[PDB]
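So the structure is just underneath, and the comments pick up after that.
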Amino acid sequence: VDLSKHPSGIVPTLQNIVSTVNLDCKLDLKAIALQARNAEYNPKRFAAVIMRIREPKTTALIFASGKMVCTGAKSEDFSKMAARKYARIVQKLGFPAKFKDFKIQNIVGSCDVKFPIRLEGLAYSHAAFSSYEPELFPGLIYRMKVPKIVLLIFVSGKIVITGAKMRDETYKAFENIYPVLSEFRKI
DNA sequence: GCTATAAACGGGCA
DNA sequence: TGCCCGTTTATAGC
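Sequential numbering from 12 applies to the first sequence in the entry's author numbering.
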């Protein structure tokens, strides 16, 4: 384990990637839904052709403007790969699709400090960052400021980390919270 | 299933 | 304007 960005020795698994990209062409979603078998289009419910591929297991959202969203991938490149696959499926249907302005929009990762946490004690000494109402949701909602990352901390020691645009913020935010979570170990 | 979280999207509606 | 819906994913306690 690389103990330079991970002094803890713990590495958050990335669990979901959300990305955008501009096909930079106007599209007929009604037509796309007809010749593609992989596509569902409910213009009332959501003005988007919803498309999926098996590897990388992803779901895409394709809007007439030409903007496209890709979700479900386990990493940044994996997400890019899927978006490339979707853009080419579109090209194959006779549309001047390109691959303009690809952007990693959100990283979601999870990890495990491997010990229980007193969520109340954590929520009590960090009132400015925390939000813990275990009747609505069993997880503490910790909005870190540097970096601006949102952590979801639980009793078991399992942790969700979201709102990251670079995977180093996913890693930094956890590293920031680890010596805090040890402070409130549940014995 | 709903409860919560981040984020892109575009149509709809107060 | 703004807010919802829309998709995905870890988490887990009703």
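Cβ atoms here follow ideal geometry from the backbone N, Cα and C, with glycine treated the same way.
query	result
CA-CA distance, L72 and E194?	43 angstroms
Quick one: what does DSSP say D88 is sitting in, helix, strand or coil?	helix
Taking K37 and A75 to be in contact with their CB atoms under 8 angstroms, please state how far apart those CB atoms are, rounded to whole angstroms.	6 angstroms
Quick one: is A59 buried, meaning 16 or more other Cβ sit within 10 Å of its Cβ, or exposed?	buried
If I measure Cβ to Cβ from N33 and keep anything under 7 angstroms in the same chain, skipping five residues before and after, which residues do I get?	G77, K78, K111, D112
By Cβ distance below 6 angstroms, which residues in the same chain neighbour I152 in space, the five residues on each side in sequence not counted?	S142
Write down every uninterrupted run of the alpha helix (DSSP H) in the stretch 53-122 whose length is 4 residues or greater and which is fully enclosed by it, in chain order.	87-103
Go through its chain and collect everything with a Cβ distance to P23's Cβ below 7 angstroms, but skip five positions before and after it.	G120, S121, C122, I172, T181, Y182, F185
Taking the Cβ atom as the reference point for each residue, do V29 and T82 lie within a distance shorter than 8 angstroms?	yes
Output the boundary residues of the beta strand (DSSP E) element that contains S30.	24-33
Specify the secondary structure class of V161 as computed by DSSP and reduced to three states.	strand
Which residues does DSSP pair with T173 in a beta bridge?	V161
Shortest alpha-carbon distance to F148 belongs to which of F106, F126, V166, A93?	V166
Mind checking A138: buried by the 16 CB within 10 Å criterion, or exposed?	exposed
List the residues that DSSP assigns as beta-bridge partners of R196.	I128
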